[PDB]
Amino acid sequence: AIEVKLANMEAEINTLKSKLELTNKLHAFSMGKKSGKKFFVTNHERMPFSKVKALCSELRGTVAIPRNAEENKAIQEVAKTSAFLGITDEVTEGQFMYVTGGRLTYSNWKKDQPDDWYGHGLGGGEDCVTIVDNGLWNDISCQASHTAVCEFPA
């Protein structure tokens, strides 16, 4: 009976959907995702901010955004090098916004940062933000190439 075959096939599909969910949980776990916390991951490739945005979007994620000390340390450890954060004041100078919307709240600026430097020689000031090796932040040219770190929901 076609109905029986259809029913058995629906069961197979459900089994596969659960298997894939497990595959995703195992991968996240293997990559360091902590229980109930956002998942941060990188391919260790350095690229301009525009590229990071496109890459994370393709993966259905967003550019890493630290919203507290814990998340900051987590991203720092993942990146292990200067990486772009999803924060920018491209629109209005001095008004840093999350790529996901909203004005900047938590921050971990290095002393004297942000300074919107123009002397880097790339044109424009510094409208992007990078978390440096020590975990502190520094505004940088969005044209510069820093590590791509994407984040996925908790």
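For every residue, the number given is its place in the sequence shown, counted from 1.
The deposited model assigns a higher average Cα B-factor to 126-134 than to the other stretch when 18-26 and 126-134 are compared. Remark: stretch with higher mean C-alpha B factor among 37-45 and 111-119 is 111-119. Ranked within its chain, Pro66 lands in the middle third, by CA B factor from the PDB record. Among all modelled residues in its chain, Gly32 ranks in the lowest third by Cα B-factor. The entry lists a Cα temperature factor for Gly102 that places it in the middle third of the chain's modelled residues.
Among the modelled residues of its chain, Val52 has a C-alpha B-factor that falls in the middle third, as given in the PDB entry.
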